[PDB]
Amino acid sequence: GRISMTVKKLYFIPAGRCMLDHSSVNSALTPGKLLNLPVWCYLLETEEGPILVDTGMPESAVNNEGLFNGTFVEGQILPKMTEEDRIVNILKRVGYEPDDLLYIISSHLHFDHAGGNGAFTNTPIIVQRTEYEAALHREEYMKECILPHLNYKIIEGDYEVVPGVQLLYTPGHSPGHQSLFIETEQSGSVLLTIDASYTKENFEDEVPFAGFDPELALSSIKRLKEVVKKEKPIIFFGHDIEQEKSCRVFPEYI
């Protein structure tokens, strides 16, 4: 019969930082205090091979806090990225080259999640169709996040990548946002919300936060709460300065 298989290791890998006004983590706050938020990628060691979740910020952000000057989000988003935080350099320091990866999973195509996608020209890049179409046609997305000739593996809805690695369709923060539900050998069930909730309070208290469609984001939180009720996972949020204070990071794993 079937026996649940698990991921060997889940690593949390810091991939630079990004400043956002605090009203992006709580839409009720009056703008004027920036927060220096973590940017994450995740590396999964699986029986099938290594899987990278998200790819950090684009090269244009390197030593360029002013990347969004001149744009509709000038002053609202300030990347904090050095040369060391380029995904290929991160990967090389951990022990991989792009072609070693089995899959890339793009949670969504915001610049802090897909800015490194162009480095992976052979690995299949798993992305929701509604996210891909949004980035193709909407000028809010950076071109770096929707390069045309990458090996996209477009999916629709929930999806099993390999045994132990699940994608949960969680639109709202972006049109085709997806979260991850992972079963690891050391820890059991893990929910990576990604940006379906920037912080614990966005999830527990349903505090509104930056996103394309807040009403959808709330329904995706409600779905994730159903999952949580059934699976009781450990939960990690997308851009949570408080939670970062307790998160085990590379070279530790869960």
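Position 1 is the first residue in the sequence shown; the rest follow in order.
- Just going by the entry, 228-236 versus 11-19 on mean CA temperature factor gives the higher value to 228-236.
- Two stretches are in play, 131-139 and 151-159, and the higher mean C-alpha B-factor belongs to 131-139.
- When the C-alpha B factors of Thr55, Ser220, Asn26, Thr193 are read from the deposited coordinates, the top value falls at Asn26.
- Annotation for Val39, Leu44, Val207, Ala61: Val207 ranks highest, by Cα B-factor.
- Per-chain ranking of the deposited C-alpha B factor places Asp112 in the lowest third.
- The PDB entry assigns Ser179 a C-alpha temperature factor belonging to the lowest third of its chain's modelled residues.
- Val73: CA B factor lies in the highest third for its chain, per the PDB record.
- Annotation for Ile51: C-alpha temperature factor in the lowest third relative to the rest of the modelled chain, per the entry.
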